[PDB]
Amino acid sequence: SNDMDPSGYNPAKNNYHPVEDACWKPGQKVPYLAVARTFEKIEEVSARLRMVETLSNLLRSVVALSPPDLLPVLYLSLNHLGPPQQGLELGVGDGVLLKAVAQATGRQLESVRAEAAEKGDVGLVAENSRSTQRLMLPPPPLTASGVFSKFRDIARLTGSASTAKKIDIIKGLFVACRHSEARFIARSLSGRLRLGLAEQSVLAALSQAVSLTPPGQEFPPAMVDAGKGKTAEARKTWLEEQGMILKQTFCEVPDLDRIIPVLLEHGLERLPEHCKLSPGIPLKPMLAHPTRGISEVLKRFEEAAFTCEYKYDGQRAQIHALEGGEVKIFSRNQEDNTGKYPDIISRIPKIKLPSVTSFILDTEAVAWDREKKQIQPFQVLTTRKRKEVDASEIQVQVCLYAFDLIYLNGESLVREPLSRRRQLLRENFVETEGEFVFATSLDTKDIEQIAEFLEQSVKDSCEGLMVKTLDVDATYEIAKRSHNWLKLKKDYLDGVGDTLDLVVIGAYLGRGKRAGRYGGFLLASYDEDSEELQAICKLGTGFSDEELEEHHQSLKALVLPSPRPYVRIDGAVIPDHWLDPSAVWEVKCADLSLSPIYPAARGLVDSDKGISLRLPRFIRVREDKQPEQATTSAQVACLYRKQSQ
């Protein structure tokens, strides 16, 4: 028999044979170490196609030898507990995880934290960790499904003292870990596998696997490499087609619990016959590509006619109306928010004609003040309860701004152009002021008329404009292009928006790709009244890899053991390295918000809360400025007031 120890499993080898090169036998549980070894081979390469090939080899062995374990192996590869709509949450972050490592090793929680921060990866701490659990019985090797079952067991633990119950399961896993298993179990619980391979690549590997090694064969499978009879060119074309069948199906039914059973019983080629878009099953939403100016929009949309629509500052709400009356609402991430919007459920009868029997609407939920009849800031929207039983208790009303229709009366509109989908939206749905409204739109290509429209959108309390083609490449097929729309935000424009010069007062050690250097920084404004620096926000994006290495080499010389007395951070995350205030960086953000932690400009707008920056990004260093010339807290307050108008 095949007694290959999993420690030697190599899914990246040339001429991989699904049966003979697997490190487990027919009918045996897929060892979790087989998955870990696959992760190792995947993270040491940078080409996606090489990663897909490697994962595909594992999946072919699983199909050939252990079909029941295909589903848990996929979820482990994605670092997911299940379909997004089932609302499964581990309830385990770095806090719970690091606490579990400390007890499993006898170390102080502070020591494990420091080491994890230094290495930038909890997985490397759990692997180099000396285990204190002097167990008197060697545990069996972990299995892929067994580890997946324990992860779901962790999720289901709720109530008081549940944390200690979660830790016990985690500790039990680590005591049974061998080789690199502990590394990836810790990474999975942290939520940071660091593979460089995610949803799109897992689908590509899956489609390739079931195409090369069709499931459902009599063992041993007579057909283990269905590409052998094809030329390289025909093989590539054939695999791309099968990949699209899986991608487009998944985009309409992103639920492996529904796809994999069909896949194993009927094959990939017949998958669309048994799995298709349906109300009650969320689908992947169309996303937008950032554009930096109106000129870029015409370039990307040369020739093709397009429309512009207000980009409202709310939350995406995918509204499903099933044949029968059942209504469900999903988020951008396929999460079920039905219980959050009882006021929207009771509103559906008002927005549709008597002929509408089912639909899937793409809308933006926006906080709405019925007294003043005006859009309220996104911040007000986030104060709604996540499970509102009685609509009579809701305090923040919402108005739905519909901008697309994906399904109508039992028929999918995914292959229709926007012009038709938009037309079906207007002909079949009814507007109500402040409750359900079509997105304010404009059809033109006159640059002058677009800039005016962009301005009016900002005056009407919007982030900017969405630009979408009407007929050329204007379908809702996410597998063909997920970012088929263009977003033009006010703060994308060169020289427009909020730009601040802030003092660097602290550095945070980086994680993953940022390990061994600073991944983020603590910034502050200058309060000229008390002559103190007040933390305003953290910063962790906007610089190249080369700029960030220079920030590391430069700021390392400013590291202090204790903070200066004139530096107030109050409730902000204490930096790993206090920095002598000196460096002044130019920062851009989308908005300013009243913060519950940051002290910047406290007392200049509200007595208790300071001000922070929404989505800050690094622009450039200001070598011509010292901390005393940084943006003042007074200027921060003035900036915040210019918003509230």
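Numbers for residues come from their place in the sequence shown, where the first is 1.
As listed in the deposited structure, the average C-alpha B-factor of 488-496 and of 172-180 is greater for 488-496. For the pair 81-89 and 426-434, the mean Cα B-factor is higher in 81-89.
The entry lists C-alpha B-factors for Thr105, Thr469, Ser188, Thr213, and the highest of these is at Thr105. Residue set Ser160, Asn409, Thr249, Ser331: peak C-alpha B-factor at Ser160 (per PDB entry). Compared with the other modelled residues of the chain, the Cα B-factor recorded for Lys236 ranks in the lowest third.
Annotation for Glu199: C-alpha temperature factor in the lowest third relative to the rest of the modelled chain, per the entry.
In this PDB entry, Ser66 carries a Cα temperature factor that places it within the middle third of its chain's modelled residues. Sort the modelled residues of the chain by CA B factor and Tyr341 lands in the middle third.
Among all modelled residues in its chain, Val605 ranks in the highest third by Cα B-factor.
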